[PDB]
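Undergrad: Have a look at this one before I ask anything.
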Amino acid sequence: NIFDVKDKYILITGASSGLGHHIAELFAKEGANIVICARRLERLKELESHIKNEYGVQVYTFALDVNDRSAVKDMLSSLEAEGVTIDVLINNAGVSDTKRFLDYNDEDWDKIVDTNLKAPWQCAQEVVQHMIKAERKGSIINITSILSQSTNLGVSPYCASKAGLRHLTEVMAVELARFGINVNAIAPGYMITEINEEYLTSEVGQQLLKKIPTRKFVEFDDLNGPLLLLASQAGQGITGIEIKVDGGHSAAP
Amino acid sequence: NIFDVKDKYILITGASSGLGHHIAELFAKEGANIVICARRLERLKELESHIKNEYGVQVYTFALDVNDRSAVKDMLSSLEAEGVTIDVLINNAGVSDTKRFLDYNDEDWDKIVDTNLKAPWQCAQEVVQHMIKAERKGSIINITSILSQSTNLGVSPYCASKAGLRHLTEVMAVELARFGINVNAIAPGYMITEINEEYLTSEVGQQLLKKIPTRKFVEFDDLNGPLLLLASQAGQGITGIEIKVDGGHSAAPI
Amino acid sequence: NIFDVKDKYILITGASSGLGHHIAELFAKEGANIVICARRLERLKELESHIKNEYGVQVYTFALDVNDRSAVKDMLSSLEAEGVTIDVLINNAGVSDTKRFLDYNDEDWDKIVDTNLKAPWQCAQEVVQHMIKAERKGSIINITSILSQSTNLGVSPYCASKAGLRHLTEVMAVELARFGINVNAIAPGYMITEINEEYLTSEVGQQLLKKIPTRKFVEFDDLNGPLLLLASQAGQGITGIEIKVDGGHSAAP
Amino acid sequence: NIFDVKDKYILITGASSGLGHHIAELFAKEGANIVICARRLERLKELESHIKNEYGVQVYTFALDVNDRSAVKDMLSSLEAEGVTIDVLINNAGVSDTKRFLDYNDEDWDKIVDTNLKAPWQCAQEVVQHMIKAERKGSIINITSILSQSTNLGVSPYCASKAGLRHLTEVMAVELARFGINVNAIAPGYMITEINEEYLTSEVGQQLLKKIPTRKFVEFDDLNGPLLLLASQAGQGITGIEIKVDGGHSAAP
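Residue numbers (the deposited numbering), protein chains in the order written: chain B, 2 to 254; chain C, 2 to 255; chain D, 2 to 254; chain A, 2 to 254.
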């Protein structure tokens with residue numbers, strides 16, 4: 002089995018979102034041990050109990066801000082002291098907003114760009130230090146977005162940040178190959194979530210459906226394949242790429 | 002198992018190359034039935050026997066020119082009459098040469114471009130008609146090359162044809178979605194093969210190795226994961242993309 | 002004046018089209034000499050007179066098929082014997098159609114792909130030999146289309162050939178640089194011309210307008226700048242690129 | 002003359018660099034008025050006198066940090082109060098460094114990413130408000146780098162920020178079309194300047210020269226054509242693009 006991730010430790014940021022939950026559950030279901038973090042601890046204790054109960058894998062929870070480097074480092078040290086080495090980092094931290102181009106302020110910018118671009122970078126740096134010390138030839142997966150190359154209205158800093166992370170992915174792959182660490186991205190299209198429930202089920206968003214070739218928004222399960230590929234031996238010869246999962250959304254006329 | 006291909010029928014063009022053999026053996030090992038074709042049938046006979054004996058799957062062989070539309074059409078008819086419907090087409094036919102930009106002629110151009118771009122298009126058209134006829138929601142995988150976006154010297158018609166195929170993959174993904182058929186590409190880097198042993202093991206090619214981030218040419222095994230992804234349920238939400246498998250070669254420092 | 006093209010010889014294939022007429026008139030206006038070819042000599046005679054009369058530059062006409070290498074070569078030899086050396090090749094031969102993906106046949110494929118991709122390649126080879134023989138460091142400009150990276154319905158072989166020509170432009174730049182020849186592309190969006198008046202004035206085309214950021218189809222004049230840039234000293238440090246002229250069409254949400 | 006910029010006001014950030022001086026002189030030479038800023042007012046005065054003396058155009062200088070949003074805003078208000086309206090914003094702000102991937106710290110990141118990406122975004126926002134207030138249909142030009150899509154070692158945050166700026170250019174193009182403002186980028190390759198004498202004039206860098214198809218580093222003059230195209234009427238039908246000026250470097254094998 003080339004997609005085997007059993008007994009690995011998967012570190013997942015942005016773990017309290019619907020996507021964060023799905024990812025953790027996917028890897029626990031495949032027999033991987035899970036390290037989940039988010040800003041607020043209470044949402045993770047819940048996910049933790051469920052995962053331990055359903056799958057019996059090891060689960061570690063950490064509350065921290067992904068932009069707090071010393072917090073991430075302190076998380077890794079805490080893991081190292083318990084004898085744990087991270088195999089795969091999944092950078093899934095992400096915030097956005099909807100504002101006209103001229104209405105975004107410096108505060109909006111710092112929040113969106115630091116969360117979507119700076120934080121994955123910091124986290125990758127620290128996890129890589131940790132992997133290198135343990136001589137572990139792991140993997141890094143960046144959750145980007147089709148908005149890293151496609152555009153939409155009202156989401157300018159998000160687009161900027163995603164595009165930055167996509168190119169950073171390529172550069173990281175080039176600079177980290179010497180440590181045997183591959184670095185790749187997965188770019189989802191529009192996923193049906195509650196943060197954009199009003200938007201998608203509306204009539205204006207329903208017209209989007211008719212532009213998307215599969216006539217369907219992205220389901221979490223659509224991500225399963227690429228996630229397992231990029232986190233396992235199956236993906237070891239692959240580095241520096243971005244896999245779009247969008248039902249052809251980005252290729253539409 | 003979301004990567005399940007058991008009992009599917011996989012159609013593989015260009016099956017007589019080392020890569021084609023590898024692909025055939027990969028899907029057979031995963032319990033899938035195999036349809037292989039190439040120009041010379043005799044080049045397929047060992048593989049058929051190995052596969053029947055070792056994996057116990059169905060194997061159909063066909064001799065044809067990938068540029069012969071009626072031959073492809075006749076093959077598909079023959080499969081239908083045996084109750085066989087193709088689940089996945091893997092377009093893996095590919096030729097090249099090495100010539101200065103100005104030394105390539107009309108004959109070279111027609112050979113390289115018709116084989117690399119026109120034939121996969123013909124096969125896709127015919128396989129799609131066959132799938133539709135059987136009301137089947139299948140998959141198409143185009144083997145391109147990192148040369149669909151990167152350049153090299155002495156391979157201009159190959160680069161043009163691969164970029165052509167890459168964009169056609171995207172266009173087909175859009176136009177075929179209505180039939181439940183997803184269309185994707187795999188772009189290998191330089192694979193350690195025997196048609197290019199001299200190029201790769203030489204001085205000019207050994208300098209190439211140090212440019213590649215992993216400092217390894219592409220192994221056939223590197224392709225297994227993407228192939229299984231794009232041929233199975235795991236990949237159903239994915240259409241119109243090209244997965245590069247190159248150890249970072251195309252990202253390498255300018 | 003870095004955009005100077007006075008006294009150059011500009012070779013324009015596809016000269017009988019609306020765009021071809023426009024390009025010819027553009028360069029004549031700038032004091033450049035004009036070599037135009039198309040299949041039917043009579044459509045070029047009107048253009049020839051119009052140009053000779055208004056601008057007083059040299060005009061050479063050739064009736065020939067652009068897919069005929071021997072004809073193209075004889076045209077050049079003919080020019081060489083008169084002491085004329087081409088400075089700029091503008092590859093503007095291009096035909097298309099509108100058919101469902103499964104309705105395009107082998108004949109459609111050959112006409113479309115040979116004219117849009119094979120011919121500019123043949124002409125480029127022949128023009129380059131002509132330049133090399135005269136020890137001349139000229140330019141090649143391939144007219145592609147935004148459909149070289151974007152998609153639309155019913156134009157599958159056109160898209161393939163344009164994407165092919167786009168990458169071919171990059172490869173040619175690399176391979177012809179040693180002869181001092183730069184190679185670039187201009188990719189127009191949907192041009193308000195007479196060859197696609199029905200598509201654009203239809204309702205499927207009116208829905209296009211509100212999607213395009215400038216709310217305008219492309220005017221021929223929008224190409225003037227890129228044409229003069231890539232044909233003059235102004236463009237000498239530029240090779241291997243494709244300039245999109247489309248009012249943001251390829252970036253639209 | 003479709004490239005006319007006579008009497009326009011061109012706003013140039015990063016004006017104290019070698020490139021900034023060149024851009025100021027280019028536009029002054031073409032009869033356009035110049036608004037230049039840099040951190041230290043003293044570095045701008047030499048240029049100011051030279052331009053006022055040689056071309057006799059209006060020159061306005063401002064000391065500011067391009068990351069200081071309120072200072073940029075005050076500059077524009079100051080200009081508004083004098084009856085001046087900016088026609089073209091040229092974002093020419095850019096800093097970098099050389100460090101292995103894991104050696105870059107939070108302070109480096111902030112300096113590089115805020116200067117290369119956040120600042121042009123702030124300036125663009127402020128300048129658009131200024132244009133809209135004056136009902137003026139101008140242009141924005143972002144100086145990116147071929148490193149917005151290509152990679153190199155030791156420059157990871159620069160790559161991120163430039164890729165960020167590249168996609169932001171496309172997004173802004175879409176969102177600002179409604180105001181008659183086009184947004185484009187110029188991506189130079191490696192420029193032979195005095196600020197980078199060691200990497201380039203040495204032999205370690207000389208192996209790159211053999212990689213570049215033209216065998217030439219980028220000269221400032223190579224940018225002249227694209228700059229005038231994108232700042233004038235010649236470029237009005239163009240929005241959302243990046244013009245690479247690199248002698249085919251990014252296309253190299």
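Note that CB positions come from ideal geometry on N, CA and C, so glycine has one too.
1. Of the residues A:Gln-207, A:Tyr-200 and A:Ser-140, which one's Cα is nearest the Cα of A:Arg-216?
2. Which partner residues of D:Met-192 appear in the DSSP bridge assignment?
3. What residue range does the alpha helix (DSSP H) around C:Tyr-159 cover?
4. Could you give the residue range of the alpha helix (DSSP H) that holds D:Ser-71?
5. Consider the Cβ of D:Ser-162: report whether some Cβ of chain C lies at a distance smaller than 8 Å.
6. Quick check: does the Cβ of C:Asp-8 come within less than 7 Å of any heavy atom belonging to the ligand MG?
7. So, using beta-carbon positions, are C:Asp-98 and C:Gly-190 closer together than 8 Å?
8. Residue range of the alpha helix (DSSP H) that B:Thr-116 falls in?
9. Hey, does D:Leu-210 have any beta-carbon neighbour from chain B nearer than 8 Å?
10. Can you check whether the CB of C:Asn-143 is closer than 8 Å to the CB of C:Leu-177?
11. Of all Cβ atoms in chain C, is any one closer than 8 Å to the Cβ of D:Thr-116?
12. Spatial neighbours of A:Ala-161 within its chain, please: C-beta separation below 7 Å, excluding the five flanking residues on both sides.
13. Is DSSP giving B:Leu-65 helix, strand or coil here?
14. From D:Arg-40, D:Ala-39 and D:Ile-11, pick the residue whose C-alpha is nearest to that of D:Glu-26; which is it?
15. If you draw a straight line from the C-alpha of D:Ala-120 to the C-alpha of D:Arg-70, how long is it?
16. Can you tell which of B:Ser-79, B:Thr-240 and B:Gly-249 has the C-alpha that lies nearest to the C-alpha of B:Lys-211?
17. Starting from B:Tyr-10, follow its DSSP beta bridges and name the residues at the other end.
18. Quick check on this structure: which residue in B:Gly-236, B:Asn-68, B:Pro-254 and B:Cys-124 has the alpha carbon closest to the alpha carbon of B:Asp-5?
19. Please classify residue 303 of chain D: does DSSP put it in a helix, a strand, or coil?
20. Is it buried or exposed for B:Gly-57, if we count other Cβ within 10 angstroms and need 16 for buried?
21. Identify the contact partners of A:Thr-99 in chain C, using a Cβ-Cβ distance below 8 Å as the criterion.
22. Which of the residues in the region 194-218 of chain A, read from start to end, lie with their CB under 9 Å from any CB of chain D?
23. So B:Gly-32 packs on B:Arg-101, CB below 8 Å; how close in whole Å?
24. Can you give me, in chain order, the residues of the region 39-50 of chain B that have a beta carbon less than 9 Å from any beta carbon in chain A?
25. Using CA atoms only, rank isn't needed, just tell me which of D:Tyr-200, D:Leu-103 and D:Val-219 is closest to C:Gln-123.
26. A:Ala-39 bridges to which residues according to DSSP?
27. Looking only at its own chain, which residues have a Cβ that is under 6 Å from the Cβ of C:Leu-230, when we skip the five neighbours before and after it?
28. For D:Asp-223, tell me which candidate among D:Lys-7, D:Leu-20, D:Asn-2 and D:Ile-13 has the shortest Cα-Cα distance.
29. Bridge partners of B:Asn-185, per DSSP?
30. At a CB-CB cut-off below 7 Å, which residues of chain A make contact with B:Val-172?
31. Decide if the region 68-84 of chain A is in contact with the region 126-140 of chain A; the criterion is three or more beta carbon pairs, one per stretch, under 8 Å apart.
32. Could you name the residues of chain A that D:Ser-251 contacts, counting a contact when the two beta carbons are closer than 8 Å?
33. In terms of residue numbering, what span does the alpha helix (DSSP H) encompassing C:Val-89 cover?
34. Starting from the beta carbon of D:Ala-235, find every residue of chain A whose beta carbon is closer than 7 Å, and list them in chain order.
35. Three-state secondary structure (DSSP) at A:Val-246?
36. Residues in its own chain within less than 6 Å of A:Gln-59 by CB, not counting five upstream and five downstream?
TA: On the basis of the data shown:
1. A:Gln-207
2. Its beta-bridge partners are D:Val-219.
3. For C:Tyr-159, the enclosing alpha helix (DSSP H) begins and ends at 157-177.
4. DSSP places D:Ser-71 in the uninterrupted alpha helix (DSSP H) bounded by 70-82.
5. yes
6. Ligands in the displayed structure: none, and consequently the ligand MG is not present.
7. Contact: no.
8. Where B:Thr-116 is concerned, there is no enclosing alpha helix (DSSP H), given that its DSSP letter is neither H nor E.
9. D:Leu-210 does not count as touching chain B.
10. no
11. No, no contact with chain C.
12. Cβ contact annotation for A:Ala-161 (same chain, cutoff 7 Å, sequence separation greater than five): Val-114, in chain order.
13. Correct three-state label for B:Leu-65: coil.
14. The closest CA to that of D:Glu-26, considering only D:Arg-40, D:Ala-39 and D:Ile-11, is found on D:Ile-11.
15. 8 Å
16. B:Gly-249
17. B:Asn-34
18. Closest option to B:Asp-5, judged by alpha-carbon separation, among B:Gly-236, B:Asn-68, B:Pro-254 and B:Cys-124: B:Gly-236.
19. Not covered by the structure: residue 303 of chain D. The range shown for chain D is 2 to 254.
20. It counts as exposed.
21. None at all; the shortest Cβ gap to chain C is about 13 Å.
22. Cβ contacts with chain D: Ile-213, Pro-214, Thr-215, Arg-216 and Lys-217.
23. Going by Cβ atoms, the distance from B:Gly-32 to B:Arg-101 rounds to 47 Å, so no, they are not a contact pair.
24. Of all residues in the region 39-50 of chain B, none has a Cβ within less than 9 Å of some Cβ in chain A.
25. D:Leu-103
26. A:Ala-64
27. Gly-236
28. Looking at the Cα atoms, D:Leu-20 is the closest of the given residues.
29. B:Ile-142
30. Neighbours of B:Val-172 on chain A, chain order: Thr-152, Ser-157 and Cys-160.
31. Result yes; three or more Cβ-Cβ pairs closer than 8 Å.
32. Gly-241
33. Taken as a continuous stretch (DSSP letters only), C:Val-89 belongs to no alpha helix (DSSP H), being part of the beta strand (DSSP E) at 89-92.
34. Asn-225 and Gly-226
35. The DSSP-derived three-state label of A:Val-246 is strand.
36. Leaving aside the five residues that flank A:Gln-59 on each side, the residues in its chain whose CB is nearer than 6 Å to its CB run, in chain order, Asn-34.
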